[PDB]
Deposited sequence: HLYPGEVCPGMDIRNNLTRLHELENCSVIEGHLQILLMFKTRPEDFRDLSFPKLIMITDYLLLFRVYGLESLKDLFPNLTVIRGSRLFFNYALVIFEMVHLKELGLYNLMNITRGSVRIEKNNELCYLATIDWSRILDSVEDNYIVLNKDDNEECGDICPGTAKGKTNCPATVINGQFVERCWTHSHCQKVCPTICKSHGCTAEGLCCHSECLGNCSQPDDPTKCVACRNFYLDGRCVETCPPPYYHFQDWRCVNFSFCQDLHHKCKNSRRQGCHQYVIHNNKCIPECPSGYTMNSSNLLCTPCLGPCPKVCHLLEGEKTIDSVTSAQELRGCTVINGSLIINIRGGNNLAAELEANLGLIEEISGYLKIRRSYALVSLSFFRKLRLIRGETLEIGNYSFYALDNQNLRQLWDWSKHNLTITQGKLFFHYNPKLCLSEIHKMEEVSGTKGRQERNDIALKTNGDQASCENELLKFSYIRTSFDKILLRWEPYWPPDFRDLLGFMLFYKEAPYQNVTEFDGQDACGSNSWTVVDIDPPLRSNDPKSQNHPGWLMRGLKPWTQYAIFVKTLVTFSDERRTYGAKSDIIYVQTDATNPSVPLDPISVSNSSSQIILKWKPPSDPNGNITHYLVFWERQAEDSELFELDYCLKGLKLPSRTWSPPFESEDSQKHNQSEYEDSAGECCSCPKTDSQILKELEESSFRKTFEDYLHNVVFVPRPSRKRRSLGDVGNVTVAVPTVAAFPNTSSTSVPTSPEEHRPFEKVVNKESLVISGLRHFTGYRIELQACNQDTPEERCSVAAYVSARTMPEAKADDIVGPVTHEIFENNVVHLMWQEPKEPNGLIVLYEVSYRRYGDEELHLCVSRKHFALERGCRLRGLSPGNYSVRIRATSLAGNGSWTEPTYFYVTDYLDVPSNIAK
């Protein structure tokens, strides 16, 4: 007897309430619900209307600047699950600056399959620090509760008692409360999400959130898997086909949809893999009659023609339209603003594209760790470049460290150049490897790739200093290395030893007390060369140390600056530019003296 209602399309509700209660006869919404700006409503016409028949929303629910909305307790009293088929800027439940919302009161909300929550800028909102956000969301890293009244004043929340279980999330039982008259059902964890009928009884796997009987896929409010004829079922049995991730429809439904969109005006709703997919995927075509996407001879690739040849990617909502196509007829300006590692969603959506007929621009995308998103990118053309005729733009991606893995990834950049200036944690070795593998057709000129202000956050001196002698007895640590000399021995200022008191085995690169040691004597003979080393003062018995040494050298513009760094080994137990300027002055005068004194035969 589940879902006693029709199936509602996505809705925009602006201005007044008549459409909001056009939502009376609605047990499920196939689109998005947007209760948008309403100004002439006051907290007295929000009491009579109520919609207890709404069970789930397929895409998301957005509420933005509606006055008089005291609570959602009566508006959505039976909202069980909000799926994440289509998001709104990688958020499945957005609550913006709308005011007069004293409490959330979604006591029947139990899970959100995909997405996050961005309740923010609510000036009069309480009962927010006790909401679960642990049993409703399984991906809690983008939750963005910031600017509500709970962070400005003290509300002094109460909660129904005698008596509703608090749970430990930081180390103490506080509350898991929804409102002044309701709490949220938490049930034994032996079942992840199968339904619990007010006692300890996990229902069948084919039930999501809530159930009313013992194991009975046909008796529960929502289906985790596909829904068919009043029963929650696995992959649709024949002759039923999948539809929009939650229904099992019959062939006639897709026929009617195709006939309606083929002439009236549309997401043709073709059948590929027992799913009534809007469009045939890459490598398949629609012929006639039976709705099937047969494989095409002379491989046919799916293209995503851009609006005007340019696209900015900032969330998963914008990246979801670039799904299923392998050729991009435009350019990508991916720009991930924020402090979250949006990698899985971009890989799933923006991963099948192989040809970009434009420029791959990377703007100020913070928290972007790698470019493995385009794991099938083999060709970046250059038909439509940018100003300066660059084909690969790369602004200050602060957390960018490693580009495409050049051991198993191809590339054929054609008719364009590169642009790598201000990426802090990147290193020039990766850029040069990209140059060698891709074979750039533009041969970028000077200062296109910044030589020095492009790797000064991670040590990639691309050389190793093997330790030779270690002897630690009670208080002295003795070090001996293999001496290293750059092509010009006068550029080596010395070695900068690092050591830190740490008995723990997970130590990374740069607390970290620094010492300076003078370079050895250039004996120019196969002698000991003094094996620079150092003898640190200060030690207590039975401790572990972490040490790694970096070489300090002068900068050379017309060369990749040399360097060396030993691996971080562990001992078991027992005025920075003035010196560079002075060394450069010494070198300059010595070179001038040699040039003046030493001249060839007149």
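K.L.:
Numbering from 1, run down the deposited sequence and write out every stretch that has no C-alpha in the structure.
P.N.:
163 to 167, 271 to 273, 519 to 527, 592 to 690, 719 to 917 are the stretches of the deposited chain that have no C-alpha coordinates in the structure.
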